[PDB]
Amino acid sequence: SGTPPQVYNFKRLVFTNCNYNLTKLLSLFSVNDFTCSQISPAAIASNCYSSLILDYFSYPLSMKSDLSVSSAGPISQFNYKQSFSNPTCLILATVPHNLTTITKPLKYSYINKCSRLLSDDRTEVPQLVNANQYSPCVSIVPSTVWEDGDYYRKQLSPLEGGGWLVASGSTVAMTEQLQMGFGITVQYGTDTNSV
Amino acid sequence: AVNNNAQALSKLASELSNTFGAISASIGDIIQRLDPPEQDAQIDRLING
Amino acid sequence: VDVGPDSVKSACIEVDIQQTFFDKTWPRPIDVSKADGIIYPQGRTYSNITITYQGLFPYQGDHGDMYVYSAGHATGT
Amino acid sequence: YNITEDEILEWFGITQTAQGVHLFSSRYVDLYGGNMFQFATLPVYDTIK
Amino acid sequence: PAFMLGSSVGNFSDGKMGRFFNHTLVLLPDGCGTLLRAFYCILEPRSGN
Ligand SMILES: *[C@@H]1O[C@H](CO)[C@@H](O[C@@H]2O[C@H](CO)[C@@H](O[C@@H]3O[C@H](CO[C@H]4O[C@H](CO)[C@@H](O)[C@H](O)[C@@H]4O)[C@@H](O)[C@H](O[C@H]4O[C@H](CO)[C@@H](O)[C@H](O)[C@@H]4O)[C@@H]3O)[C@H](O)[C@H]2NC(C)=O)[C@H](O)[C@H]1NC(C)=O
Ligand SMILES: *[C@@H]1O[C@H](CO)[C@@H](O[C@@H]2O[C@H](CO)[C@@H](O)[C@H](O)[C@H]2NC(C)=O)[C@H](O)[C@H]1NC(C)=O
Ligand SMILES: *[C@@H]1O[C@H](CO)[C@@H](O)[C@H](O)[C@H]1NC(C)=O
Ligand SMILES: *[C@@H]1O[C@H](CO)[C@@H](O)[C@H](O)[C@H]1NC(C)=O
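Chains as they are written, first to last, in the authors' numbering: chain A, 390 to 584; chain B, 1025 to 1073; chain C, 19 to 95; chain D, 243 to 291; chain E, 145 to 193.
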């Protein structure tokens, strides 16, 4: 339901004390690309866990090679991260033609740089967004980016370290059909084993 | 001497939970959660340890 | 996207400054031997065993961060 | 959440992990004792600073 | 006790410390210590006395 959000705006859903099945879900998914790291394709539809976390976002196939864990692209720099502490799965899918419940946003986008300067206007340090974490650039970058290289800026309070936070975003136009991406991470002992 | 024998046997009885960098300790769980070409490496790490 | 109406008009009740009365210290640092205020194991309980465990804890005997509430002024009722 | 009244030292704890916000207490399990036990799991979106 | 949490700090109209922006966790014990009203929500100031 609704419009999928940007890759730097990844919506997370957590599942606990319930039952799941991909065959009732993945059948209506036009899965373009299917990868899983530290886990088998059959495990996510067969094995039992303690809890599930699934992050979904809008993601085209143009920056497909940036799905790698060790990739250093801006998507893997200031937009989305993956946890080294748990096995992961990556899904790249497309809206089915006989599926109009979902909606399409204006354009794909991501953040090409996210670094913070200090009050002295001479020292600049990039911040590294952590695994399953959100950069402070998310707090100032809007949900959509109007055009490639859009610039955003904000003043930071001295109690928050002072200086300024600046960022720039880049855009990729829509294809014939909307493409989106999902990341799946499992948890085995983080609570009662019930899923 | 009795404690020496006890700790000598407890070295075996305790070490089986070690992973040696493998993602899990149970061999059945490794072959359940993984494809062959990487569970071979994980099992090999367990074998070496 | 939740529920809840709005309140009465813009008469926020006057808020005072009397921190000098609030500058009192009841000293109760924690005692890990007495075992007060410790996170349990998150998913697996144990029984009758001494276990080394990594987690999130406070230091021994931290004096703390003294805060307290009180009641407002009143002349009679 | 419903909480009854008492006069017993009540401990309470709040933390955040990548799973979400964890709220721990003693009013759910061990009243006359007192430790942490997860009574609430909250779907937080960003890390609290 | 009641606890309010966030990740963005600012100052009020008088410049005093305590103003936060965007979404904010608010935790409030309530009803003579019976309810534990919690919400990640949006705070909006008022401009009266
Ligand atoms: C003011 O007065 C006292 C302190 O001055 C406090 O209230 C009492 O505190 C004691 C603490 O020891 C409480 O005793 C505890 O009782 C538990 C069992 O109570 C249940 O079962 C009985 C029937 O057997 C019921 O009547 C009762 O209502 C409960 O349903 C025990 O399990 C506790 O044992 C714990 O400590 C011992 C060591 O002391 C351990 O060995 C145990 O494993 C366990 O950890 C404990 O003995 C007593 O219940 C409290 N009274 C009340 C009414 O709750 C308070 O500070 C305050 N009391 C007030 C305001 O009532
Ligand atoms: C919990 O562990 C302790 C220590 O291992 C046990 O205490 C010993 O119990 C045995 C038999 O029960 C006695 O022969 C020892 O003398 C005890 N040790 C001491 C120092 O007194 C205790 O019994 C265990 N409790 C349970 C329920 O298993
Ligand atoms: C947070 O509030 C500030 C206040 O102007 C605003 O500039 C900023 O865009 C907001 N951020 C989000 C993510 O809503
Ligand atoms: C708390 O108790 C009241 C009593 O009627 C009930 O209506 C309410 O649903 C209860 N809430 C919870 C969370 O148990």
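We put the CB at the ideal spot given by N, CA and C, even for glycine.
Item, Value
"Closer than 7 Å at the beta carbon, the chain C residues around D/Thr257", "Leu74"
"Span separating the alpha-carbon of A/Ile464 from that of C/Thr68", "46 Å"
"Contact set between A/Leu517 and chain E, taken where Cβ atoms lie within less than 9 Å", "Simply none; closest approach about 17 Å."
"C/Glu32: CB within 7 Å of a non-hydrogen atom of ligand 1", "no"
"Proximity winner among C/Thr63, C/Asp34 and C/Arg46, relative to C/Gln78 (alpha-carbon distances)", "C/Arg46"
"Minimum C-alpha distance to A/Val458 - residue among A/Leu450, A/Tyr448, A/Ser451 and A/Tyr469", "A/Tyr469"
"Beta bridge counterpart(s) of A/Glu513 as assigned by DSSP", "A/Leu506"
"Continuous beta strand (DSSP E) stretch holding A/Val420: start and end", "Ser419 to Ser426"
"A/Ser454 (DSSP reduced to helix, strand or coil)", "helix"
"Candidates A/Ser390, A/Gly551 and A/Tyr397: closest to A/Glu513 by CA position", "A/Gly551"
"heavy atom of ligand 4 below 7 Å from D/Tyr243 C-beta", "yes"
"Residues in the segment 271-288 of chain D having any Cβ partner in chain A nearer than 8 Å", "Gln280, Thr283, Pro285, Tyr287 and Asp288"
"Closer than 7 Å: D/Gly275 CB and nearest ligand 1 heavy atom", "yes"
"D/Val271 (DSSP reduced to helix, strand or coil)", "coil"
"Within 8 Å, strictly: CB atoms of A/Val530 and A/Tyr448", "no"
"Contacts that E/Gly150 makes with chain A (C-beta to C-beta distance below 8 Å)", "Per Cβ cutoff of 8 Å: no residues; E/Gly150 is ~10 Å from chain A at best."
"Segment contact flag, the segment 59-74 of chain C with the segment 20-27 of chain C, C-beta cutoff 8 Å, min 3 pairs", "no"
"Selection from A/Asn410, A/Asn475, A/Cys425 and A/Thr579 that minimises the alpha carbon distance to B/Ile1047", "A/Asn475"
"Closer than 7 Å: E/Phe164 CB and nearest ligand 3 heavy atom", "no"
"Per-residue contacts from E/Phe183 into chain C (C-beta, under 8 Å)", "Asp20"
"Terminal residues of the beta strand (DSSP E) in which A/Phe473 lies", "Taken as a continuous stretch (DSSP letters only), A/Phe473 belongs to no beta strand (DSSP E), as it is neither H nor E."
"Span of the beta strand (DSSP E) around E/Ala146", "Note, E/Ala146: premise wrong, no beta strand (DSSP E); not H, not E."
"When A/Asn436, A/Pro393, A/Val555 and A/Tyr409 are compared against A/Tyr541, the one with the closest alpha-carbon", "A/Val555"
"Residue-level contact to chain A via CB, E/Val170, 8 Å cutoff", "no"
"Test: A/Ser472 CB closer than 8 Å to a CB of chain D", "yes"
"Supposed contact pair A/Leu441 and A/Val575 - C-beta distance, whole angstroms, cut 8 Å", "6 Å"
"Residue from D/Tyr274, D/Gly262, D/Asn244 and D/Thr259 with nearest C-alpha to D/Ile250", "D/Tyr274"
"Simplified DSSP state of E/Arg190, which is helix, strand or coil", "coil"
"Beta-carbon neighbours of E/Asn166, restricted to chain A and to distances below 7 Å", "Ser528"
"Nearest to A/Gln516 (by Cα), restricted to the options A/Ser435, A/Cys526 and A/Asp510", "A/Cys526"
"Under 8 Å from the C-beta of C/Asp54: neighbouring residues of chain D", "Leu251, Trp253 and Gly276"
"Residue from A/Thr477, A/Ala482 and A/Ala431 with nearest C-alpha to A/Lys453", "A/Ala482"
"C-alpha gap between A/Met569 and B/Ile1054, whole angstroms", "31 Å"
"Chain-ordered chain B contacts of residue 374 of chain A [CB-CB under 7 Å]", "Outside the displayed range of chain A (390 to 584) lies residue 374 of chain A, so it cannot be described from this structure."
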